[PDB]
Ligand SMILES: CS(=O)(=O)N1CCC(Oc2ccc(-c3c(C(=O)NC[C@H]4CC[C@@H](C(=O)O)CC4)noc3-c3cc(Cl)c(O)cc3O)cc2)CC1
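Take a look at this one chain, the form deposited without the named molecule, written out in structure tokens.
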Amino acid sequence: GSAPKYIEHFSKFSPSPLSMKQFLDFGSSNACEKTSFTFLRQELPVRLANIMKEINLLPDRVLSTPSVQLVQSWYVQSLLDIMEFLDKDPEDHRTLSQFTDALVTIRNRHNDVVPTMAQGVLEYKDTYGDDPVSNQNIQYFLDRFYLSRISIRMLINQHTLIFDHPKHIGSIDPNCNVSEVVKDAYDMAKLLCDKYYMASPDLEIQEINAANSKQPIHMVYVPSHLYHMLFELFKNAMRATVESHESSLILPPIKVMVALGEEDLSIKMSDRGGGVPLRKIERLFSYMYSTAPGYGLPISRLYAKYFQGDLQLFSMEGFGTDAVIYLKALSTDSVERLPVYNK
């Protein structure tokens, strides 16, 4: 075959990071399925090949494991699917129709990658141990691998959702009400918490719009990404709150604050679930230390970092924990954070 040839060629190109404003302007009224196809048939192989070349640089002790090999075969096949559209003509409506169906097949093919890499991490711990040098190598690779996967899925979701005057531009809401997303993630976590604990804390939301005290806080963002982060944070904050008060009757509420600054949009989730010692907080974001025979926090941070944001934890052992999602307030600052294969 010629899969190594394709990887070597496109890995020389660097991925082109797109801003949130670019996604919005590309997918709005000026959206053209021809233009998106011309861009994607080149950018998708570049992003695929860059992470595929990093996978090849893994030691053969990891490269020859069944988990890495299975995932690498998914990327080879996905890369080859995109290759067949290079010589195709964008002026043919059947060419664009087959390209969209090919993206859906690729998206569903990689749908079960989180438990697969979780199996791979557990295999590495039981084969070579959990030394701190191995954790940093696993953390470094998995962060870049998953962030690369988020960026590829973002491109595919924007194309397939738009080419199928709505208010949503694919997966992007140009008027995303942050408090409403907080409530949705809270309600879902409350339903799970009531079914398993027969008790759940209440929600308190406070907004701080520094520039316009009266106006509700809106932003341009991907609501599903923000939901994912808040949902994982709500589940942890409820689990800790209920378990740390089993012998008590009062159940402290979960307090969420949404602050809109001139540059940052910050979401703080405060719980009183007993807190966690600092020594163990720094391990909650580690794939290796969060794997048992549990990736909500590490992946949630990658979603935050994907558009130049962050997700941070600071706890008070014996009381509770604060979780803060940092997002860019302006669409011009919300640029893709992409891993690039360098030397």
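Throughout, rigid core stands for the largest set of C-alpha atoms superposing within 1.5 Å between the two forms. Start at 1 and count along the sequence shown; that's the residue number.
In summary, of the stretches 99 to 107 and 117 to 125, 117 to 125 shows the greater Cα distance from the shown form in 9 other deposited structures of this protein, with structures fitted on the rigid core. Annotation: of the segments 325 to 333 and 18 to 26, 18 to 26 departs further from this form in 9 other deposited structures of this protein (C-alpha atoms, root mean square over structures and residues, core superposition). Among the other PDB entries of this protein that were compared and that flank it with modelled residues, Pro66 is modelled in all, so it is never left out in a third of them. Coordinates for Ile51 are present in every one of the other compared entries of this protein that model residues on both sides of it, well short of the third needed to count it as often missing. Unmodelled stretch separating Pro293 from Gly294: 10 or more residues (count of deposited-sequence residues without coordinates). Where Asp164 is followed by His165 in the displayed chain, the model omits 4 to 9 of the deposited residues that sit between the two.
Here 253 to 261 and 188 to 196 are compared by their mean Cα B-factor, and 188 to 196 comes out higher. As the entry records it, the average C-alpha temperature factor is higher for 55 to 63, out of 295 to 303 and 55 to 63. Highest C-alpha temperature factor among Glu317, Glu43, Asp310, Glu282, as the PDB entry reports it: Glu282. Note on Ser224, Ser148, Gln158, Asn108: the highest value goes to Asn108, judged by CA B factor as recorded. Ranked within its chain, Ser171 lands in the lowest third, by CA B factor from the PDB record. Among the modelled residues of its chain, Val68 has a C-alpha B-factor that falls in the middle third, as given in the PDB entry. Looking at the C-alpha B-factors along this chain, the one for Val104 belongs to the highest third. When all modelled residues of the chain are sorted by CA temperature factor, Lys214 is found within the highest third. Ranked by Cα temperature factor within the chain, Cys32 sits in the highest third according to the deposited record.
The next section is about a form of this same protein that is not shown, the form solved in complex with the named molecule.
Placing the named molecule by C-alpha superposition of the site, using its position in the entry with it bound, leaves the pocket blocked: at least 3 ligand atoms lie within 2.4 Å of backbone or C-beta atoms here.
Note on the partner interface in the entry with it bound: the residue among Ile106, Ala237, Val178, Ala185 having a heavy atom within 4.5 angstroms of the named molecule is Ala237. The named molecule is not shown here, and in the entry with it bound it never comes within 4.5 Å of any heavy atom of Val46. In the entry with it bound, the named molecule sits beyond 4.5 Å of every heavy atom of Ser334. At least one heavy atom of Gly273 is located within 4.5 Å of the named molecule in the entry with it bound. Taking the partner from elsewhere, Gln308 is found to have every heavy atom lying beyond 4.5 Å of the named molecule in the entry with it bound.
Stretch-level contact check against the named molecule in the entry with it bound with heavy atoms at 4.5 Å: of 206 to 214, 225 to 233, 186 to 194, 76 to 84, the positive one is 225 to 233.
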